[PDB]
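Below, in structure tokens: the form deposited in one PDB entry, a single chain.
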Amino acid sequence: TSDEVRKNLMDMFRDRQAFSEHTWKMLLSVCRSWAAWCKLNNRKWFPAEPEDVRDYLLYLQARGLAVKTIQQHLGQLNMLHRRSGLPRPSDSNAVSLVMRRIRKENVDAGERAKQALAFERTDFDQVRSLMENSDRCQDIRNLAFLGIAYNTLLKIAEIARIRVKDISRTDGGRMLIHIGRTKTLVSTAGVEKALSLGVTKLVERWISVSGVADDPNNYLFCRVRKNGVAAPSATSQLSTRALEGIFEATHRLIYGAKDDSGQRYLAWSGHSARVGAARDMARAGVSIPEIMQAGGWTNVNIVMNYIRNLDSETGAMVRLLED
């Protein structure tokens, strides 16, 4: 089958476009860490031996990696073999048993997921006070971005692809914006998040000083060098990383600067506006389903993960007990 595996790998690469470029990066990252460990421990890297993958998994656990990550590592290895025509490591009792041991142990050892910091109206209003009067182009853009986000529950990559033309005007002195949001045959070509009155005036103060209006193709948000001059572009969009940074920086301008321990989730992030908006919607009392829509959600659970600790979403028992 040495020729069959050869063909299979030729098949995978031939139709690599069958998977996202980022998806491949993930697989490459695993194969990199796995192969390396093998070289350091003297173990055939491909195909992988059950006992080998068992030792490797037990290794990742020590590295302190969460279960979700260890599973992903195994997963990539599994598919790599399945699509290679070879036996998958997860098909061996050794690996199956070790994965169960790790998941159980780690869970009992107190393994908490990763919560995200919330960016609510109280934070958006405090900021809306600090960087609302600044004449700095950077500040004018950051606020606009912080507006669209919170007000549209939009994802980062989504706000990054937004173009000037993608934004229309209607329903009064307010604004309109329609993006993609979804994509696999079944989806909603597009929706139409509409900025409020007190957000459109922030997005206009940005387009006027940025000049993104000099070409409907130009993305709404662009670059802004140290000189304070924007760089409107209809060919390149702001990296999601950059947008994420706008969150961390804003949070820095207010609550100091992160913390020593790399404990992971100290400042605001790409979805700090989504979690926040949802909670704010739940606070004012809004049907969960209604909150589902606002943020293109379809997994009540996830939405219930941001507003659970929300003191209204307390539960029946509490209402029963409290008369």
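All residue numbers refer to positions in the sequence shown, first residue = 1. Each form is matched to the other, and the largest set of C-alpha atoms that superpose within 1.5 Å is called the rigid core.
Mean CA B-factor, 13-21 versus 296-304: the higher value falls on 296-304.
Annotation for 239-247 versus 176-184: the higher mean temperature factor (C-alpha) is found in 176-184. Across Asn217, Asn106, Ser96, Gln138, the entry's maximum B-factor at the CA atom is seen for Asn217.
The maximum CA B-factor among the listed residues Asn78, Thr152, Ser92, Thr200, taken from the PDB record, is found at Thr200.
When the CA B factors of the chain's modelled residues are split into thirds, the value for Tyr255 lands in the highest one. Per the deposited record, the Cα B-factor of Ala62 falls in the middle third when ranked against the other modelled residues of its chain. Annotation for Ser272: CA B-factor lies in the lowest third of the chain's modelled residues. The deposited CA B-factor of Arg169 belongs to the highest third of values across its chain. The PDB entry assigns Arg54 a C-alpha temperature factor belonging to the lowest third of its chain's modelled residues.
Form deposited in another entry: not shown, discussed below.
Superposing the rigid core between this form and the one not shown leaves a single residue from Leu238, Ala144, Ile162, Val95 with a C-alpha shift of at least 2 Å: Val95. In the core-superposed comparison between this form and the one not shown, the C-alpha atom of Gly85 has shifted by at least 2 angstroms. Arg181 shows a C-alpha shift of 2 Å or greater between this form and the one not shown [criterion: core-superposed Cα displacement of 2 Å]. Once both forms are overlaid on the rigid core, the distance between the two CA positions of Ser261 between this form and the one not shown is under 2 angstroms.
Three angstroms is the minimum change: in the other form, the CA atoms of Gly296 and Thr184 sit closer than in this structure, by 3 Å or more.
In the other form, the CA atoms of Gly315 and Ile291 move apart by 3 angstroms or more relative to this form.
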